[PDB]
Structure formats: structure tokens, C-alpha cells
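What follows is a set of notes on a single structure, which appears directly below.
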Amino acid sequence: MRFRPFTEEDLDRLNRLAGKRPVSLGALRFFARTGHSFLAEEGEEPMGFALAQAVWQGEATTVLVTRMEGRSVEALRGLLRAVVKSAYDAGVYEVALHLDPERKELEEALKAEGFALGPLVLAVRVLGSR
């Protein structure tokens, strides 16, 4: 298992991991530039990815993970660790992401990597695209 930044040449790798929610090249390019996004692979096989960016919240920075995918707890843990280290080296105050409670592997990985789960819940109103 290894963890590294991804580039445009990794589009197919990320999309092999993305299920029915593809990653566009535009999204790949944005996230490759943040310094907080990574890909996991076991040998040549893609095993996970994390898309994240720094968000100023007025007094401090949160690194917000938009998306994480992973085929094993090990992959997810290592991605969490890479995101956390990129946040820590940059003096970022916290790392946040949204957990779907049915994703049991991610729940296990978050806990193992020292994340507090809840009690805040995501409230969303979808307006749609032009």
C-alpha cells in the first residue's frame, strides 16, 4: 500500500474507484492543486482516494474532505493519515468530513485515526444547476 498525490494521468484510476459518482477532469485538476488530496494504491491497483481543500472559517482553517473512497479499512486509514499530516504541516486547525453512517469501513477508519463522530448532522438544501 502506498499513498501519493494524483495527477491528470490518474483520472481512470480515480474513476475505477468512484462507482456511480464519477470524477470529472476539472474536479481532478482542482483537487490535485490543494496539497490535501491523495490516492492510495496496492502495487498497481488503485485502492482509494481523498479529495480535500482548505476552507477559512474566520479564525482558523478547516481542511474539508469533499470525498473519500476506499476498498479497505487500511486504504481509508492511510488516506486519513495523509490528509491529516498535510493539514498538520500547514498549521491547519482541524480536518472535517461527512460520514454516511452506513459506511462501516470508513466509520472504523475515522475512529482508528482519532476523529470525533457527530453529534452535528449535515443539513442540505439542493437548488440545482443552471
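Please note that chains go A, B, ... in the order of the C-alpha cells, that every chain numbers its residues from 1, and that ligands are numbered from 1 in the order shown.
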Please provide as number ranges by chain all residues within 12 Å of segment 31-35 of chain A, with the sequence filter that same-chain residues fewer than 5 positions apart are discarded (counting only C-alpha atoms). A: 4-11, 14, 23-26, 49-55, 63-67, 82-90
Need the shell around segment 103-119 of chain A: protein/DNA/RNA residues with any atom at most 8 Å away, counting only C-alpha atoms. Skip same-chain ones fewer than 6 positions apart. Format as JSON, numbers by chain? {"A": [72, 73, 74, 76, 77, 80, 81]}
Take atom CA of residue 30 of chain A and atom CA of residue 18 of chain A and report the distance between them in Å, one decimal. 16.7 Å
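Of the listed residues (A:128, A:17, A:3, A:58), A:3 comes nearest to residue 37 of chain A; the distances count only C-alpha atoms.
Backbone DSSP of segment 64-126 of chain A yields strand (DSSP E) at residues 64, 65, 66, 67, 68, 69, 70, 94, 95, 96 and 97 of chain A.
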